[PDB]
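We begin with a single chain expressed as structure tokens, specifically the form solved without the partner chain.
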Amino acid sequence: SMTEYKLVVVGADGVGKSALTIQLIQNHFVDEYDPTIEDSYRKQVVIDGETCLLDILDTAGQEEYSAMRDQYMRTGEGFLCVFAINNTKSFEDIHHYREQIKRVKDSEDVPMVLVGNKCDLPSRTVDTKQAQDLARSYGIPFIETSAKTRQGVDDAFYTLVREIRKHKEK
């Protein structure tokens, strides 16, 4: 049989939420900006021997429309919290997402993965250790990715599924 997982991709403007999702779904990268309103995708995969239907909600980086953002968090089972390694403000925004997810879902333990995207770029402003330390303080995984080279893309999404499964065991 199979299981389905509702994954929600969040993070600041321009960090690469859509580029990561399109790599997962369509296996390509184009270096063009197309600011998201909202998009949803589905993909069947096998993770740790178990067949999964992934529902992926690609959200916009904007933070108005709190009623809609609350609903995204209520429905979602796990969250890919994306920053860009060349955008310190996007890293500073991460804690706000974790606070909002915990509040909406009434839980201190919500499946999440911290993703540092754009690791192919030579303009880094956020050190790997800084992101590892933040992820350790939350007790969540941290993965560096590049939607351009595809490094870490599958790993980010599959790790999030693993985190949901661990949460469901509780």
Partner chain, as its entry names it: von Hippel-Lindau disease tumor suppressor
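Positions refer to the first chain, counted from 1.
Per-stretch averaging of Cα B factors for 30-38 and 112-120 places 30-38 on top. For the pair 63-71 and 47-55, the record assigns the higher mean C-alpha temperature factor to 63-71. Ranked within its chain, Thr159 lands in the lowest third, by CA B factor from the PDB record. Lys170 sits in the highest third of its chain by CA B factor, as recorded in the PDB entry. Ranked by C-alpha B-factor against the other modelled residues of its chain, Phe83 falls in the middle third.
Absent from the display: the form solved in complex with the partner chain. The rest refers to it.
At the 4.5 Å threshold, heavy atoms of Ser107 reach the partner chain in the deposited complex. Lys102 belongs to the set of residues with a heavy atom inside 4.5 Å of the partner chain in the deposited complex.
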